[PDB]
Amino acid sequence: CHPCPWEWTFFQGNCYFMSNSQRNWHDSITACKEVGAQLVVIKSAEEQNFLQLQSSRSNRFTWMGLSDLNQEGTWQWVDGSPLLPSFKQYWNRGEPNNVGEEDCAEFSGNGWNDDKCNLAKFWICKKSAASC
């Protein structure tokens, strides 16, 4: 039995996957849906540091499933769940700044940054690990 698919990464009962091509934010969640996964929604502190590490050490700007397209200033994960105050420390200093209108969040260096959703970047999918 295999808890995660071929060449996916495993962490705390979940299966993650960093793309090796680039897409815009909407095309990215589509991509994850195509594999029965979701553009990552972070739920733990350790999950953040885990993903933030894989993303940085590959020197790749990476989409995550977080946006404010429901309403400006209201950051909300693609599962509807809101962005908790606890998680707001993971923004990069001076972010989110909404320079030129920016409604989607990405892994950039040590933390997160808001960028333009139509800007093409890499992405990370998340799904529940299978039971053995």
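Note that residue numbering follows the sequence shown and begins at 1.
Mean C-alpha B-factor is higher over 66 to 74 than over the other stretch, the pair under comparison being 66 to 74 and 38 to 46. When the CA B factors of the chain's modelled residues are split into thirds, the value for residue 127 lands in the middle one. Among all modelled residues in its chain, residue 107 ranks in the middle third by Cα B-factor. In the deposited entry, the Cα temperature factor of residue 58 sits in the top third of values across the chain's modelled residues.
When all modelled residues of the chain are sorted by CA temperature factor, residue 79 is found within the lowest third.
Among all modelled residues in this chain, the alpha-carbon of residue 89 has a temperature factor (C-alpha) in the lowest third.
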